[PDB]
Amino acid sequence: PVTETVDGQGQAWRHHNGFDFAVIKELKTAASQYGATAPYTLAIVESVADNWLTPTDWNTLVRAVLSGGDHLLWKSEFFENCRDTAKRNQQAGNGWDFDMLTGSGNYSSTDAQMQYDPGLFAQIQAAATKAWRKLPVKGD
């Protein structure tokens, strides 16, 4: 998770924070129990994304909290919707989405995304949970 902090001189900055285990733990719980499709777990998926999050803690979150189905629906749709959105947004030539809303293909990395943009944060958040929901069945 990322928290942004402002200094008394009016500057905005932010720091990375460690992966909240309680969060991972219980999303893992709902994942095993509820399945990623039951309102509870995806409510958590989107609520966690409602916080400042980066591709780094993103990939760590998905890969831990779920097992098996995560990559296919959550993530493969992530990659699709990210570049889908990128196609639409870069028609306009925003300078977002293609590299940023993905993770970072070439340049933005954790850094530029973590500095955010109002339309970038909105787009990345929406795209994330969008992806990070679609699991049909869980269990092995």
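This deposited entry lists solution NMR as its structure determination method.

Novice: Where do I start with the packing of aromatic side chains in this structure?
Specialist: Given two aromatic rings, their pairing is described by the distance between the two centres and the angle made by the two planes. Tallied over the full model, the rule gives seven aromatic pairs. Between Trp58 and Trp132, the ring centres sit 5.9 Å apart and the planes meet at 55°, which makes this aromatic pair tilted. Highlighted residues: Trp58 in helix α3 (residues 55-65) and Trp132 in the segment after α6 (118-131), separated in sequence by 74 residues. For the pair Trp58 and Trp132, a shared accessibility class is recorded, and that class is buried. Measuring from ring centre to ring centre gives 5.6 Å for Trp74 and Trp132, while their planes differ by 15°; the resulting arrangement is stacked. Here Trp74, found in helix α4 (residues 69-92), pairs with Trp132, found in the segment after α6; they are 58 residues apart in sequence, far enough to count as distant. Classification of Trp132 by relative accessible area gives buried; the value is 3%. Members of the aromatic cluster, each reached through a chain of ring pairs, are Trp58, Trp74, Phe78, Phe79 and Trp132. Of note, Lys75 hangs over the ring of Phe78, and the distance from its end group to the ring centre comes to 4.6 Å.

Novice: Quick question: what am I supposed to make of the environment of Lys138 here?
Specialist: Inspection of the secondary structure assignment puts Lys138 in the segment after α6. Between the alpha carbons of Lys138 and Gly35 there is a distance of 5.7 Å; along the sequence they are 103 residues apart. Looking at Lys138, its side chain comes within polar contact range of the main-chain oxygen of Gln33, at 2.8 Å.

Novice: I'm lost on the pattern of salt bridges in this one. Help?
Specialist: Pairs may arise between side chains of opposite charge once their charged atoms sit close together. As enumerated under the stated definition, the model contains five salt bridges in all. The residue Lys134 makes a salt bridge to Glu77 at a minimum N-O spacing of 2.7 Å. In this pair, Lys134 is assigned in the segment after α6 and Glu77 in helix α4, connecting sequence segments 57 residues apart. Under the relative-accessibility criterion, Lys134 is labelled partly exposed at 24%. What makes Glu77 buried here is its relative accessible area of 18%. Bridged by salt links that share partners, the residues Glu77, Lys130 and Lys134 form one connected network.

Basis of the calculations
- Residues numbered from 1 in each chain as written, not as in the entry; some residues may be left out.
- Heavy atoms only, no water.
- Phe/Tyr/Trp six-rings, centres within 6.5 Å; stacked < 30°, edge-to-face > 60°.
- Helix = DSSP H or I, 4+ residues; strand = E, 2+ residues; numbered from the N terminus.
- Buried < 20%, exposed > 50% of the residue type's maximum accessible area, 1.4 Å probe, protein only.
- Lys NZ or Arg CZ within 6 Å of the ring centre and 35° of its normal.
- Polar contact = N/O pair within 3.5 Å; in protein donor to acceptor, adjacent residues only side chain to side chain.
- Salt bridge = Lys/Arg side-chain N within 4 Å of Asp/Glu carboxyl O.

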